[PDB]
Amino acid sequence: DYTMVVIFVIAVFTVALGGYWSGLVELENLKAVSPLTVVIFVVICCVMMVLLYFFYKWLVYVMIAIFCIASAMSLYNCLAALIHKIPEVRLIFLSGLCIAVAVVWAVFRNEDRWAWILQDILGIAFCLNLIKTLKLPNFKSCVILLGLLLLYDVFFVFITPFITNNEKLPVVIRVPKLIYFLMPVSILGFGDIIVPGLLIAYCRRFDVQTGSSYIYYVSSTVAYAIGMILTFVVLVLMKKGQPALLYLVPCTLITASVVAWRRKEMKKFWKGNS
C-alpha cells in the first residue's frame, strides 16, 4: 500500500525539520549572546492515563479542546517563521486562519472523508513545535526519557492482551489507504515522532554547539529513518501491530552512542556542554 511510503515521509520530514529548526534557534543564542523528576513524571503521567480510562466520556472532550488550542498555537508559530523570512494585519490574518482551521477541524471531527488531512496538518504543526521548544539539557536526560517511554510501550504491548465513548483521541496521525483515494487506517501516534524527535533535535543542537558540522543530526535522522523502515518491515512480515518506539529508540540511541564514542565526544555529550 502507498501509505507506508507516505507516513514514512510525513514522519521523517517532520522530525528532520524539527531537529533542523531547533538547531537554527540555538545558532542565534550563540551568535547574539533531569534524573530525579522521572518519578514525578511517571506518577503524574500514569495518573492521566488512569483518569482517561475511568472518566473517558467527559475527559475526551477536554483532551480534544486542549489539542485544538495547542495545535492552533503551534500552527501559528510554525507558519509565522516562513512569512517572517518573506519580505500587523498579516499576523492577525494568519492568526484568524489558524483559529479557523482549528475550529473547522473541531466541528468536523467524525467526517472521516476529509478530516484526516486537517488532523495531519495540525498534528505536524504540534509535533514541529514540541520538537523545537522542549529543550532536553543533556544526553543523560535523553536516554532516561527514551528508555522510560520504551518501557511504557513495552507495557502497552504486554498488558493489552490481558484485558482482551464514540469519540477518538486526537493524539494520533490518521492516513487512509492511499490505493484508491470504507477507508481503513494507518495510525502513527505523536509519541513516535516527538520522543525521538527530541533526541534528534538534541543531536543537532549539540552539533551546533560543538563547532559547525552535520554529523550528529544526519546520523540521528538516518537511523530514525532506518528504524521506521524496520518497523514497517516487521509489520509487513509478522501480521501484528508492533509499537514503533521499540524499533526507533534503540536505532537512534545506539547510533548516537557509537558516534560519540568514535569521536572522543562522549563526556561532553553525556554531561552537556554546560
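Residues numbered from 1 in each chain as written, not as in the entry; some residues may be left out. Heavy atoms only, no water.

For this entry, the PDB record names cryo-EM as the structure determination method and reports a resolution of 3.3 Å.

(A) Just the overall build of the protein chain, in detail. When helices and strands are tallied, the protein chain shows 10 helices and two strands. When the helices and strands of the protein chain are read in sequence order from the N terminus, they spell out α-α-α-α-α-α-β-β-α-α-α-α. What you see for the protein chain is a C-alpha radius of gyration of 19 Å, in line with the 19 Å of a compact globule of 274 residues. In terms of overall dimensions, the protein chain has C-alpha extents of about 55 × 55 × 40 Å along its principal axes. Counting over 274 residues, the protein chain shows a buried share of 40%. Summed over all atoms, the accessible surface of the protein chain reaches about 16300 Å², with 74% contributed by carbon and sulfur. Counting 22 positive and 12 negative side-chain charges, the protein chain places the averaged centre of each group 8 Å from the other. (Helix = DSSP H or I, 4+ residues; strand = E, 2+ residues; numbered from the N terminus. Rg over C-alpha atoms; globule rule 2.2 N^0.38 Å. Buried < 20%, exposed > 50% of the residue type's maximum accessible area, 1.4 Å probe, protein only. Areas by Shrake-Rupley, 256 points an atom, 1.4 Å probe, with all protein chains shown as cover. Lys, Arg positive; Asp, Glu negative; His and termini not counted. Charge placed at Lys NZ, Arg CZ, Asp CG, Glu CD.)

(B) Summary view of the state of the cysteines. Applying the stated criterion across every chain yields a total of zero disulfides. Left without a disulfide partner, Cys98 is nearest to the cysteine sulfur of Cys78, which lies 9.2 Å away. For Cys98, a relative accessible area of 2% corresponds to the buried category. Distance from the sulfur of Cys203, which forms no disulfide, to the nearest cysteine sulfur (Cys142) is 7.1 Å. Under the relative-accessibility criterion, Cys203 is labelled buried at 0%. (Disulfide = S-S within 2.5 Å.)

(C) Representation of a nonpolar patch on the surface in the model. The grouping of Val39, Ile40, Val43, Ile44, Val47, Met48, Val50, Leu51, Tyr53, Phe54 and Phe55 at the surface amounts to a nonpolar patch, some 1100 Å² of accessible area in total. With respect to the helices and strands, the residue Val43 is situated in helix 2 (residues 38-54). (Patch = residues over 30% accessible without salt bridge, like charges linked within 9 Å, V, L, I, M, F, W, Y side chains within 5 Å. Salt bridge = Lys/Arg side-chain N within 4 Å of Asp/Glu carboxyl O.)

(D) Up close: the UniProt feature "active site" in the protein chain. UniProt's feature table lists "active site" at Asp153 and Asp192, given in the numbering used throughout. In this structure, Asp153 sits in helix 6 (residues 139-163). Setting aside its immediate chain neighbours within four residues, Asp153 contacts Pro243 and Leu245. Within the element layout of this structure, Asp192 appears in the loop between strand 2 (188-189) and helix 7 (195-209). A relative accessible area of 13% places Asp192 in the buried class. In this structure, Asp192 is in contact with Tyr224, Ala244, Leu245 and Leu248, ignoring residues within four places of it in sequence. (UniProt positions renumbered as here; feature names shortened; annotations may be inferred. Contact = heavy atoms within 4.5 Å.)

(E) How the structure looks around the packing of helix 1 (residues 6-32) against helix 5 (residues 115-133). Closest axis-to-axis distance for the helix 1/helix 5 pair is 8 Å, and the angle between their directions is 35°. Relative to helix 5, helix 1 is oriented so that their crossing is right-handed. Contact residues: helix 1 offers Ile10, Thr14, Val15, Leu17, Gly18, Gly19, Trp21, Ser22 and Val25, while helix 5 offers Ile124, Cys127, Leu128, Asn129, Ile131 and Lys132. (Axes fitted to C-alpha atoms, helices over the stretch in contact; angles between N-to-C directions. Left-handed = near helix turned anticlockwise from the far one by under 90°.)

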